[PDB]
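First the structure, in the form of structure tokens, and then the observations on it.
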Ligand code: CLA
Ligand code: CLA
Ligand code: CLA
Ligand code: CLA
Ligand code: SF4
């Protein structure tokens, strides 16, 4: 996880893609309950600052999912011999 | 209205403070029934008196041993006593068992029926050998004592029960720090006074692994 | 004490007290004395 | 200003400017009056006992955070001798970490003294919590007058617990309450830190502060997690 | 939404209800007029449904009941640890596991019991144990008896804490019904919390404690100079030499360089040749991966923070056209019925215990466990029987839910209602496959017996004669043997030596060797399939016909456990679902007895034995491929070729196994009174005895009555099962101790 490593780049890009995905619809966040196609835009608790629904549990889950996706990508690329 | 065993606690309903040393300490609800209350009072009194007698004898023997007189330790005193005793083992314990059985069923049937032995059945004595209170007899057992005065008798009762409880604590301390140190209680006391900052219950090896 | 000793007096505890007493009595007889066959004093 | 990052809804509905804390940070929810409803003492999950344990944990954390770092800078300076100046976990609290041999008594002797004294203290505290003001009625060495306490068992006051007795006005008392609970919540993280720093470096917390100060990039979380002893 | 709803002090803590034994039931609250009052008292003692109709009090009752059972199990575990600490040869067994038999029970010299203190070696005498606790205490790194004493005292402390917790959570602070109905929070907390936290804690304990101790143990180092695990925990220098990846010090974990941890988180197939058990590095990576899988699965459901899954939505959304309403109401049933959840949990627990027994006999996870044949056989048989009991109880409590907690209002066209609708088709098809499996397994056995008896072995169903080769099982064996070659290239060897090509051996005895499957294994496996199909037929028929039937339409109003509806319709005896479970217990007993007979014979004839320089010699003569095809071969070469040590056990260390064998014969035979007979004859005999006691005035105030018909059936099945279980236990243990 040295600054400049391909694993660091993969981790940061995954985290940023997950925050982008949860910022404007586009992900089953605390604001967006999920149907088979993830609709209906509900509201609970409060966002505490920036708009939409980035609560304390929204960034906690998306960071967890973004981290967990990154272990799959890095170790998958490491197993096949990439980066 | 009374100093309890724990400040702010709720005293038991069966402990109204009318007993000697009634500090209201009874979490297991023993002595709730009045007959068993009397039996517990009797048992506490006799265990207390025997604890004080044994502790006083142990302390006297240990002090006499420390001053230079030939005396055994409080432990295994009888083991080295029997080899020089004219009375052998077996006969001594059985003699004391018969005599103490006589005295103890006499006081037992005095406890069951107060004043039952004051009818002159035992050698024609009426005022003597008659229980004055629950665990407190009279006649022969109060030769010169001040139990006639009520306040002095109550103060002596409180003093007796408190000294008894202190002697129970002393006897358990005796066996505990004898198993800890294998020395006389006076020797342990002198070691505690000589080096209080180091010699204690913690630096004896045993009981603190 | 009365409320607890009423439970203490019911049959399962009596099913223990007699059992403990008789069992321990027979253990001590078979322990201090060896295994005999004849009651020839 | 108000509320916090977690700040669950249906949790601010039972607290608004009442407790000395009350910053709206109850994401899980444990001060609901519906919890432990009924009769009797019941359980520990209730606002009174939770506030009581929070302020007690707070003050104990203040004392601990003062005592853990106090010998250290004074050992760096010439205040206390460096022979006695040792890390807080090497004083005998963790004998695997180390003990101080040059004490006036055995560590278990001091443990028994602490056990007796603080058993008296905490059992009197618990008995006054069960029965408010009941320690001022049973005779205790002639000092029953300073154990009267107040309506809140957490904040007793009296001739000794508040011998300075300043903050008589409600506003100054509320400010002192907020200051106490905020410095206690800081000492919370101070102890959490001090323990984590001790387990991740094996050295004292002020030495870790010096390490972060001299080299922030080379001595931080990422380098110390990948180092020796953690 | 999810919160902690708790009612404080609902029940006073007093012995008032202890004074009167009959207080939970209003029928038993009057008095003991008849002797059946006592059996109803001990029978309806924990039946909380008829004590009260409130679900909240039932939930509190079962919560503190589970607390009490947990405290009891913790007391038992603490007692086992104390026995291993005080009366054991664990110190001797650590220095010599291949020559010193384990022993942890010491008898008294009171009456002739000194012969039971067998010469197990190491200068120690006692009962040779079979639970395998020494293997567990060698896996989890334990050296001295001080550590076992500490574990026992901690277990006693936690047991007292659990009992105090039950008392508190019932009498002092009882949770409400909404607290128990938080199913999503329950599942998340018992997936991520319980299972995941325990798996991660065990992985950490194995990595920081068990791995260095087991690395030094199999290297020939005596345990006396082995460093204590706290030295490995605190000091990285001592743990660095045994495992070089610890010199990195948690750097590869956060930097995603987990390939550097390949020294103590290995992925190896097979067993450790020094000890015979699984590699502790493999178990460490296993429990770490299990902790990962349970941490990720424990964050699936939605409790309070919007995100997650709602189980009602998941159930109601899976609807498929041949099922009508698909899982429409099952969330409402499982959140309101304790017996339905009891059936599900007991069925899955029993099946998982069966998997546990099979996967310990397959891959021994403990050092010096494969060579200890007694511990392996005892573990397999014991978890086999416990799994069977849990499955039978699952069927019983499913039938109880069917009788009591099932209502037709919530379910109209769902899966449960449609299973009720076509129950006759299910029972008929199960009967057909039952008859089919029974014929072409047991008739094959009888035909082989006949052709052996008729002097025509070439007409038998054997390997020498025409054979039924189990091609599917052998192909699965070959695939798993070649699985590390292609499909799992990172595995060092095969996951087990069931299908391998090498033989491991510790101390001159075979630890685990490849297993060959022939016609006899085919016959026994299809016998097992037949027997399990019959038992599941009995249990499923009892569950399905508990509510209503073509015979008795009003069986729902007659309760779950009733003896009969009278001699009408030709006699409706044993028509209740309780009697279906009563028969299913015996069918379970037959199934698991034949299963463990197959296990013992196959493992003694083709796996267990002593390795020599000239080949491998097993315990028997390898006669399973020649004698397991006939009933007489099975009898003579398993029950008569063995059990020669049980009969001659007298005067030796294992004579108590012979005594237990004959007492088990007694109890098994004594049960057939309560099974064949009825009640009217016994009631009339009791009337005559009552007259005898009336003649000389010793008449009890309580009227002596014969046992109830359900009571008599329960006594019969209990005595029968206890006798059979103890018979097989004594025979198996004596055979595996005197030989293995
Ligand atoms: C010192 C403790 C102590 C106290 C305060 C009491 C007090 C009482 N007892 Mg009791 N008693 C005691 C010990 C004590 N007893 C012992 C040990 C026994 C067993 C032998 C008894 C046996 C006994 C009986 C059988 C009866 C009483 C009765 C009484 C009452 C009479 C009042 C009286 O005369 O005062 C007593 C005053 C004293 C005992 C103080 C004298 C203490 C001396 C000076 C100590 C020195 C002697 C010692 C052996 C030396 C120790 C040496 C050491 C330093 C090495 C009163 C409540 C009677 C009663 O209640 O009737 C209504 C009654 O019937 N007691
Ligand atoms: C992550 C949190 C957590 C954990 C670890 C557990 C753990 C457990 N629960 Mg569960 N439970 C939880 C949250 C949790 N619970 C929640 C949130 C609810 C409400 C929805 C419940 C409601 C619930 C019910 C209704 C029942 C359980 C039961 C059990 C026990 C099952 C016995 C077993 O499988 O053997 C494992 C055995 C052990 C590990 C033995 C050690 C037990 C230790 C002492 C428990 C420590 C865990 C605990 C959560 C710590 C905090 C408690 C604190 C106040 C002291 C097990 C100990 C059953 C029970 O009564 O047992 C208590 C049961 O019937 N649970
Ligand atoms: C789940 C069980 C578990 C546990 C308990 C540990 C624990 C430990 N491991 Mg291990 N580890 C585990 C699993 C586990 N590991 C697994 C699964 C792997 C993967 C293979 C590893 C891989 C691994 C490596 C490679 C290394 C460790 C190391 C360590 C140590 C460093 C801990 C650390 O960095 O935190 C730092 C400490 C803290 C964060 C402290 C926690 C906070 C404290 C408790 C707060 C308390 C303060 C309180 C307020 C006041 C205290 C009371 C006071 C008044 C007396 C520690 C002993 C390293 C080592 O040996 O170092 C010694 C090391 O090199 N481990
Ligand atoms: C070993 C003892 C034994 C045996 C063999 C049977 C046999 C039977 N029971 Mg029973 N059972 C027994 C004890 C036994 N019972 C006991 C003690 C209980 C009480 C718990 C039960 C409880 C019980 C229940 C609850 C159920 C059964 C059922 C069955 C049937 C299963 C048929 C099947 O699939 O197998 C195939 C057939 C056989 C094994 C019979 C022998 C066949 C041999 C090999 C002869 C083959 C053909 C032959 C050549 C024809 C001869 C011709 C001749 C007339 C000239 C069968 C009639 C079930 C049923 O009705 O069927 C689904 C059922 O539901 N039984
Ligand atoms: S024999 Fe018994 S079970 Fe059968 S119908 Fe008669 S009374 Fe009922």
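Positions of Cβ are backbone-derived with ideal geometry, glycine not excepted, and every protein chain shown enters the neighbour counts. No value in this document is a laboratory result; all are computed from the given coordinates.
Below are the figures for this structure:
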read-out: Theoretical FRET efficiency, 1/(1+(r/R0)^6), r = Cβ-Cβ of residue B:156 and residue B:16, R0 25 Å, to 0.05; value: 0.75
read-out: Percent RCO, i.e. relative contact order, over the stretch B:13-102, from Cα pairs under 8 Å lying at least 6 residues apart; value: 10
read-out: 20 Å reach of a label modelled at residue D:196, 7 Å along Cα-to-Cβ, counting backbone N of the stretch E:227-262; value: E:249-256
read-out: Length-normalised contact order for chain D - Cα pairs under 8 Å, 6+ apart - percent; value: 17
read-out: Estimated FRET transfer efficiency (residue E:479, residue E:334; beta-carbon r; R0 35 Å; 0.05); value: 0.35
read-out: Partner chain coverage, peptide E:229-239 - average Cβ within 10 angstrom; value: 2
read-out: Alpha-carbon centroids, the stretch A:2-30 and the stretch E:492-542: separation in whole Å; value: 49
read-out: Folded to 0 to 90 degrees: helix D:170-201 orientation relative to chain D principal axis, Cα; value: 30
read-out: Centroid-to-centroid separation of the stretch E:601-616 and the stretch E:651-670 [C-alpha atoms, Å]; value: 29
read-out: Stretch gain in nm, segment residue E:164-residue E:309, where the contour uses 0.36 nm per residue and the Cα spacing is subtracted; value: 48.7 nm
read-out: Alpha carbon centroid spacing (whole Å) that separates the stretch B:193-209 from the stretch E:342-398; value: 53
read-out: Mean Cβ count within 10 Å, highest first, over the residues of peptides B:157-167, E:104-114; value: B:157-167, E:104-114
read-out: For chain D: rounded, prolate or oblate by the Cα gyration tensor [a/c cutoff 1.5]; value: oblate
read-out: Efficiency of FRET from Cβ geometry, residue E:641 and residue E:550, R₀ 51 Å, rounded to 0.05; value: 0.55
read-out: Where labels lie 7 Å past Cα in the beta-carbon direction, separation of residue B:63 and residue E:225 in nm; value: 5.8
read-out: Net length gained if the chain between residue D:150 and residue D:45 were fully extended (0.36 nm per residue, minus Cα distance); value: 35.6 nm
read-out: Gyration tensor verdict on chain B (Cα atoms; rounded if a/c is under 1.5, prolate if a/b is larger than b/c, oblate otherwise); value: oblate
read-out: Peptide D:139-145 - average C-beta neighbours from other chains (10 Å radius); value: 1
read-out: Protection proxy ranking of E:267-280, E:685-698, E:50-63 - average other beta-carbon atoms within 10 Å, highest first; value: E:267-280, E:50-63, E:685-698
read-out: Separation in nanometres of the label points that stand 7 Å from Cα toward Cβ, at residue C:6 and residue D:166; value: 6.4
read-out: Computed helical MRE - 222 nm, chain C, DSSP H runs ≥ 4 contributing -39500 (n - 2.57), nearest 500; value: -23000 deg cm²/dmol
read-out: Overall form of the stretch B:77-122 per C-alpha gyration tensor (a/c, 1.5; a/b vs b/c); value: prolate
read-out: Taking chain B and dividing mean pair separation by its residue count, relative contact order in percent (alpha carbons under 8 Å, at least six apart); value: 21
read-out: Acute angle (nearest 10 degrees) that the helix D:205-214 long axis makes with the longest principal axis of chain D, alpha-carbon atoms; value: 60
read-out: Under 14 Å from the residue D:84 label point (7 Å along Cα→beta-carbon), backbone N, the stretch D:98-120; value: D:100-105
read-out: Simple spin-label estimate for residue D:182 and residue E:11 in nanometres, 7 Å along Cα-Cβ; value: 4.9
read-out: Stretch gain in nm, segment residue E:186-residue E:503, where the contour uses 0.36 nm per residue and the Cα spacing is subtracted; value: 109.5 nm
read-out: Ordering of D:162-173, E:504-515, B:105-116 by burial proxy (mean other Cβ atoms within 10 Å per residue, highest first); value: E:504-515, B:105-116, D:162-173
read-out: Rounded tilt (10° steps) of D:47-76 against the dominant C-alpha axis of chain D; value: 30
read-out: Shielding by partners, peptide A:27-33 (average Cβ within 10 angstrom, other chains); value: 3
